[PDB]
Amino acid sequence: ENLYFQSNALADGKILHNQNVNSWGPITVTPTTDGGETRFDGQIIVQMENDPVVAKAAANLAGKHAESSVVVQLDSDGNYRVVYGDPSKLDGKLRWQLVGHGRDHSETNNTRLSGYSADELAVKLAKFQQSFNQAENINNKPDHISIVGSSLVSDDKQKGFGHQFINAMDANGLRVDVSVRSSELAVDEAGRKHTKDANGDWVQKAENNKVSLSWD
C-alpha cells in the first residue's frame, strides 16, 4: 500500500520533460464509479509534464468524474492537446487540477511545479486560458485551482509556492481560490488524493496537510 504511494509521490521526477507536447506519452482513463458529490459542474485536469507518475495521476483524477472532465497536456511553449473529454461541454462552476512534480526544495518547501516558478506558472495558465477559450470557443474560467503536486506550500501554510501562485494568478488577470499541499502527495487508482502524515503513514483527508487559499 505505502509501496504504491511513495512510488506515486508527486515530487522529484528524475527527468523533467515539459517541452513539445507532441512528443509526450498518451494517457488512458479508466472511469471509476465510487466518487460521489463534487461542487464543480466541469473541470480541466492540466498535465504539466511528460512523466509517467504525473500522467497516471492526471488520468486517475479524470476517471473519478469522467463524464465532466477534460484532460489537457500543456507544454512550455503554451501549446496543448486535449487528450481526454469534451471541451465544448465545460459549463458552470469549473475547477482546474494542475498535475506535476514539485521540485527544488527550500525553507518554504518546493519552489517549482513541472519546472515553473509560481510566477511562471501563472503566466502559462493565463496564456492557456486565452488560447483554449478561443480555439475551443469556450468562455469559461476556473473558480478553483487544486495544485496536485507534492509540498508546494510551507509546513505552517503561511508561505511558499501556493501563496506566490495565488497572487501571481491575480496579477495575470485570474482571481481564483487555490488548494495546495505542504506534504508529499499521491493520487490513488480511484482518483483520490493521499498525503504522508507526521508519522509517515499515507493518509486520506488530512486537513493539516492542505490549505485552501481564498479571496475572502
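The first residue of the sequence shown is number 1, and the count goes up from there.
If you average the C-alpha B-factors over 171 to 179 and over 31 to 39, the higher value belongs to 31 to 39. Here the stretch with the larger average CA B-factor, out of 107 to 115 and 135 to 143, is 135 to 143. When the modelled residues of the chain are ordered by C-alpha B-factor, residue 18 sits in the lowest third. In the PDB entry, residue 51 places in the lowest third of its chain by CA B-factor. Sorting the modelled residues of the chain by their CA temperature factor places residue 158 in the highest third. The deposited CA B-factor of residue 75 belongs to the lowest third of values across its chain. Annotation for residue 100: C-alpha temperature factor in the lowest third relative to the rest of the modelled chain, per the entry.
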